Amino acid sequence: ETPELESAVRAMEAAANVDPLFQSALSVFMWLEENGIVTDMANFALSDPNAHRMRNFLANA
Amino acid sequence: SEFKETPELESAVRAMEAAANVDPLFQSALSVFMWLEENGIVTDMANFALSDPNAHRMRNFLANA
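Chains as they are written, first to last, in the entry's author numbering: chain A, 6 to 66; chain B, 2 to 66.
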């Protein structure tokens with residue numbers, strides 16, 4: 006309900022609507038946010054900076 | 002394999018930075034976006050999310066990393 010949050014979501018949607026890859030990133034953001042794990046994912050990224058562990062997990066799904 | 006350099010992208014990054022100034026959610030979001038893009042896993046993660054909509058599998062993975 007902060008003006009910054011509402012403005013950022015509008016701007017992200019505008020970028021997503023002109024680039025499928027950014028749309029995919031926005032979809033990930035919305036999924037992480039709805040599930041309360043955005044900061045948890047950022048913490049994981051610090052532990053796995055080159056995504057070696059994450060790639061293996063995503064691949065064997 | 003990288004975000005298209007559009008005027009909308011520059012505006013989105015600026016807006017996310019303004020939100021990161023008031024909400025840690027957007028600090029984390031910027032870091033996650035950069036990490037997904039640099040590692041080439043944006044689409045892979047979006048595809049995973051479709052299979053795990055309530056994040057039960059992802060939460061289990063993050064809990065034990």
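We put the beta carbon where it would ideally sit given N, CA and C, even for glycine.
Under 9 Å from the C-beta of residue i: neighbouring residues of chain B
i: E38 of chain A; result: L26, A30
i: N55 of chain A; result: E39, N40
Nearest candidate by alpha-carbon position, reference residue i, set the options
i: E39 of chain B; options: A:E9, A:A16, A:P54; result: A:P54
i: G41 of chain A; options: B:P25, B:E18, B:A19, B:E11; result: B:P25
i: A47 of chain A; options: B:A50, B:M35, B:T7, B:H57; result: B:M35
i: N22 of chain B; options: A:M59, A:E9, A:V23; result: A:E9
i: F49 of chain A; options: B:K5, B:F4, B:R60; result: B:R60
Supposed contact pair residue j and residue i - C-beta distance, whole angstroms, cut 8 Å
i: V14 of chain B; j: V33 of chain A; result: Not confirmed; about 16 Å, so no contact.
i: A30 of chain A; j: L63 of chain B; result: Actually they do not touch by this definition, with Cβ atoms about 18 Å apart.
i: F27 of chain A; j: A16 of chain A; result: So it is not a contact: roughly 11 Å between Cβ atoms.
i: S12 of chain A; j: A66 of chain B; result: The pair is not a contact, with the Cβ atoms about 33 Å apart (cut-off 8 Å).
Residue i: contacting residues in chain B (beta-carbon distance under 8 Å)
i: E6 of chain A; result: Near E6 of chain A there are no residues of chain B at all, since even the closest Cβ is about 11 Å away, more than 8 Å.
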